[PDB]
Amino acid sequence: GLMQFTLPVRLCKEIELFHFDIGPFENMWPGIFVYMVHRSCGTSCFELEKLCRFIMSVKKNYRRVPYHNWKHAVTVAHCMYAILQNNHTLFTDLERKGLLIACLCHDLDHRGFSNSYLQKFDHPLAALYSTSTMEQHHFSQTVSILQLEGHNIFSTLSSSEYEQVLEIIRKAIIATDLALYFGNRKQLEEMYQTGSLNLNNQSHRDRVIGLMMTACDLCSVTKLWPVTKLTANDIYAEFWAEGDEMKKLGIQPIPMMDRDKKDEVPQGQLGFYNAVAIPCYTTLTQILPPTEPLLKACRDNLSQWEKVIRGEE
Ligand SMILES: CCc1cc(C(=O)Nc2ccn3nc(-c4ccccc4)nc3c2)cc(Cl)n1
Ligand SMILES: [Mg+2]
Ligand SMILES: [Zn+2]
């Protein structure tokens, strides 16, 4: 009850910043997550024993893939922590509870393959979930783990509060399907510009949380350059393995996933910054002004990819 997690001084200070990198010491990541729940939510939000058991079963259900792994889960949860801590009074008690868990769980049991690849392979998951295939699976794995004996971290919530938190988690996890991000961001653009955006309107809050989820999910482009550039290698290690698997089904993959087209990566990163990342953080910054550092860091990385193209690195 009187038992805080504390971090060494460098981590205690830097964990508060958006560009924080959780480090290569896997055994410190559970403690970093508990630290973030305790400061974001409270020491009372969850029974410590249940939370620790939940975290460790979540870890066990992430796979040893190059990018969509336990380190990504915790990294996406830290970006949500930073957003929440910089927007103290905008979010409900249930939202603070749900969103860190949603982020920890958002890629549960990812195999390193896109929704597209599952549909072309004709994976059983693509017949069970026709759109947002992996994201409905991630939500299903989250409910599975919440239902294991001793793993119900929400046990103190009423029936209707429990239903509300699981609904916040479902929508937050579905929103990490980047196919749904383009339309969500356009509606948020129109709503903000015509002044109709209303944070008491639940369907509006849902949209804003969806955009927060995209921003956290993509937060590798908001790190200091050496972190962003080394993370890119892990992202492409998966894309290129998917490319190989498309070639095995007799399908020329898109260039993004074709290892023969490594040379075109810098221009590919430019498209992604310009079509996805910058717009994401720009709209987030308009809605939630204290998230501006995410946008500033993204623009710094865009300018580094521009330097790569110009052979200045
Ligand atoms: C799983 C989602 C995800 C994706 C990315 C990412 O880097 N995306 C993207 C987008 C689009 N192209 N096009 C290319 C490309 C095009 C032609 C030739 C070679 C390459 N390369 C990417 C890379 C970053 C993060 Cl943080 N999460
Ligand atoms: Mg995902
Ligand atoms: Zn993710």
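FYI the Cβ positions are ideal-geometry reconstructions off the backbone, even for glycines, and counts take in every protein chain you see. Just so you know, all these numbers are worked out from the coordinates, no wet-lab data involved.
Things worth noting here:
- Note on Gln147/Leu178: beta-carbon distance plugged into 1/(1 + (r/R0)^6) with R0 of 30 Å gives a FRET efficiency of 0.55.
- Contact order normalised by residue count of the chain, Cα under 8 Å, 6+ apart, percent: 19
- Efficiency of FRET from Cβ geometry, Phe25 and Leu270, R₀ 35 Å, rounded to 0.05: 0.55
- In this label model, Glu189 and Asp93 are separated by 3.9 nm, measuring between points 7 Å along each Cα→Cβ vector.
- Prolate/oblate/rounded label for region 24-144 (Cα gyration tensor, a/c 1.5): prolate
- Net dipole in debye of region 28-310 [+1 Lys, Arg Cβ; -1 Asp, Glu Cβ; about Cα centre; nearest 20]: 560
- Kirkwood hydrodynamic radius (C-alpha pairs) into Stokes-Einstein, region 82-147, 37 °C and 0.692 mPa s, D in µm²/s: 242
- Stretch gain in nm, segment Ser130-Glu163, where the contour uses 0.36 nm per residue and the Cα spacing is subtracted: 9.5 nm
- Extension gain for the segment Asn200 to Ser44, taken as residue separation times 0.36 nm less the Cα-Cα distance, is 53.5 nm to one decimal.
- Out of every Cα-Cα pair that the chain contains, those further apart than 33 angstrom amount to 23 percent.
- Eligible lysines near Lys97 by straight Cα distance, threshold 26 Å, same-chain separation 8 or greater: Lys13, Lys50, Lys59, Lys60, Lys71, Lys171, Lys223
- Ordering of 47-53, 30-36, 189-195, 284-290 by packing [mean C-beta count within 10 Å, highest first]: 30-36, 284-290, 47-53, 189-195
- Cα gyration tensor, region 180-303 - rounded (a/c under 1.5), prolate or oblate: prolate
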